[PDB]
Amino acid sequence: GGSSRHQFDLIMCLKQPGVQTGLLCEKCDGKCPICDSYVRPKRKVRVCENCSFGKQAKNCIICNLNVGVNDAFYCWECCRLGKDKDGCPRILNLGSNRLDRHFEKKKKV
Ligand SMILES: [Zn+2]
Ligand SMILES: [Zn+2]
Ligand SMILES: [Zn+2]
């Protein structure tokens, strides 16, 4: 099941997490970086030092643009599966289309 056109394309940084916690902008607030399903959290996401000392530290990890306000938490489901154990949860895949394929009269995000 899966391993095809159900990837989600969660291309994330996945390096070695540092001390700096991954911040979410209110627009991605509540979203689990690994899956995005507004489900029970568990542990604050740690961004890799490469990102911490790489300018992209305070800015939201999910939409890597707007500054983050709340630390992201890995959802229990991702923790159970063991996706969080990979590393830095910075979403890289997101160049545009914050979610799905709709801006719907909201600039783009
Ligand atoms: Zn998750
Ligand atoms: Zn990183
Ligand atoms: Zn965001």
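Residues numbered from 1 in each chain as written, not as in the entry; some residues may be left out. Chains lettered and ligands numbered in written order. Heavy atoms only, no water.

Structure determination for this PDB entry was carried out by solution NMR, as recorded in the header.

> Tell me about the side chain of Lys 31, and name the residues and values.
With respect to the helices and strands, the residue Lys 31 is situated in the loop between β2 (23-24) and β3 (42-44). A distance of 2.8 Å separates a polar atom in the side chain of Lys 31 from a polar atom in the side chain of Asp 36. When neighbours within four sequence positions are excluded, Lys 31 is seen to be in contact with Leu 24, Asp 36, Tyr 38, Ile 62 and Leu 99. (Helix = DSSP H or I, 4+ residues; strand = E, 2+ residues; numbered from the N terminus. Polar contact = N/O pair within 3.5 Å; in protein donor to acceptor, adjacent residues only side chain to side chain. Contact = heavy atoms within 4.5 Å.)

> Tell me about the coordination of the zinc ion (ligand 3), and name the residues and values.
Every protein donor of the zinc ion (ligand 3) is listed here as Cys 25 (SG), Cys 28 (SG), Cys 60 (SG) and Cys 63 (SG), and their distances to the metal cover 2.3 Å. Around the zinc ion (ligand 3) sit four donor atoms; with metal-centred angles ranging over 108 to 111°, the donor geometry is tetrahedral. All donors of the zinc ion (ligand 3) come from a single chain, and their spacing in sequence reads C-x2-C-x31-C-x2-C. With a gap of 38 residues between them, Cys 25 in the loop between β2 and β3 and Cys 63 in the loop between α1 (49-52) and β5 (70-71) connect regions that are remote in the sequence. In this structure, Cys 25 and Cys 63 share a single accessibility class: buried. (Donors = N, O, S within 2.8 Å, 3.2 Å for Na, K, Ca; no water. Tetrahedral: all angles 85-135°; square planar, octahedral: opposite > 155°, others 65-115°. Buried < 20%, exposed > 50% of the residue type's maximum accessible area, 1.4 Å probe, protein only.)

> Residues and numbers for the coordination of the zinc ion (ligand 1), please.
Bound to the zinc ion (ligand 1) on the protein side are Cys 32 (SG), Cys 35 (SG), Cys 75 (SG) and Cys 78 (SG), at distances that span 2.3 Å. In this structure, the zinc ion (ligand 1) is surrounded by four donor atoms whose angles at the metal cover 108 to 111°, and the resulting shape is tetrahedral. Mapped onto the sequence, the donors of the zinc ion (ligand 1) take the spacing C-x2-C-x39-C-x2-C. Taken together, the residues span a long stretch of sequence, with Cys 32 in the loop between β2 and β3 and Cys 78 in helix α2 (residues 76-81) at a distance of 46 residues. The same class applies to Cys 32 as to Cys 78, namely buried.

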